[PDB]
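Single chain ahead, written as structure tokens, the form deposited in one PDB entry.
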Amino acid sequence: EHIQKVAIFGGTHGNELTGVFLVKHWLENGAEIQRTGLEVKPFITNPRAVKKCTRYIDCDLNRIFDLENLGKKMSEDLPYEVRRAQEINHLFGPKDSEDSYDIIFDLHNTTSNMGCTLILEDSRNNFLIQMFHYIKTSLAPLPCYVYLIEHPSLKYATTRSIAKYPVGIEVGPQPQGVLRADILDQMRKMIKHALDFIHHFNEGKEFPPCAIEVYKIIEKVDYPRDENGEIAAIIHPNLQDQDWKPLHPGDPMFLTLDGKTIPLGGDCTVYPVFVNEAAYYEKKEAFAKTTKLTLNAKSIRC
């Protein structure tokens, strides 16, 4: 097919505000993002987790947009976010369906020092790459990065995963529960400018094939825990606020409260991402180790 329905989701993580704020307005006086040809839909996904201003109320709405969850049946009892992903399947989905959106945006914010981050789901996404390639470009001088989740497994449950062509937008760093006017713009640069690439492409303009060499999630790093339970050695003052950068074998990683360091394994370079992210602390996670692995595509016309 072609294009059609477009969405901007804000509120999947209720206490990620610069990703959320804007939407509340684009329901109030949405004139701020509607163009002369293209069609974009702004929607707040987890209203209740927004109001409290809290990651979630029953379960991560961001890990339940798939069979596994979507498929479960009607019980006013069920965990709030479930029934929510379900219904969400009617407005912009269902997922894997046909009438369901092809361009939705799942806006977020992190605590790790990451700056502009576009998230790619499957690698074989010729288009998405032209875009993830046409965003990085339309961005300079302000830095932008592409994160890839290559599930060999081959299955996603994300909120944005209802659309033909999903796109994750994340901006760091913005403490959960806070709203920095700076982050409310450290990112406006692709949206209303993306709402563009999702129109202009139509004219059938073409660019040479594509190969964004991204950083791909390959293995999450654990927190060196003491004994009884509690931590032992935390993110070192050298890795801190160093996402997307190399971490060779000497590079410190974890610093113990008694003063010691704990360096990197192997001898191959990596660019840690999601360094010291608030959420995932209950997961005993310090960061995701990444190899700046490659991504070639193919040219595209409309």
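So that there is no doubt, residue numbering starts at 1 and follows the sequence shown. Each form is matched to the other, and the largest set of C-alpha atoms that superpose within 1.5 Å is called the rigid core.
- Averaged over Cα atoms, the B-factor as recorded in the entry is higher for 275-283 than for the other of 17-25 and 275-283.
- Higher mean CA B-factor, judged across 172-180 and 214-222 from the recorded values: 214-222.
- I191: CA B factor lies in the highest third for its chain, per the PDB record.
- In the deposited entry, the Cα temperature factor of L91 places it in the lowest third of its chain's modelled residues.
- Per the PDB record, residue ranking by Cα B-factor puts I57 in the lowest third of the chain.
- When the modelled residues of the chain are ordered by C-alpha B-factor, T256 sits in the lowest third.
- Per the PDB record, residue ranking by Cα B-factor puts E203 in the middle third of the chain.
FYI, the form deposited in another entry isn't displayed, but the following is about it.
- Large C-alpha shift between this form and the one not shown, rigid core held fixed: of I33, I57, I44, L255, this applies to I33 alone, with a displacement of 2 Å or more.
- With a cut-off of 2 Å and the rigid core superposed, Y156 has a Cα displacement that reaches or exceeds the cut-off between this form and the one not shown.
- Superposed on the core, the two forms barely differ at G71: its CA moves less than 2 Å between this form and the one not shown.
- In the core-superposed comparison between this form and the one not shown, the C-alpha atom of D185 has shifted by less than 2 angstroms.
- One change in that other deposited form concerns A163 and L154, whose Cα atoms lie at least 3 Å farther apart than in this form.
- Figure legend: C-alpha atoms of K155 and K216, shown here, are separated by at least 3 angstroms less in that other deposited form.
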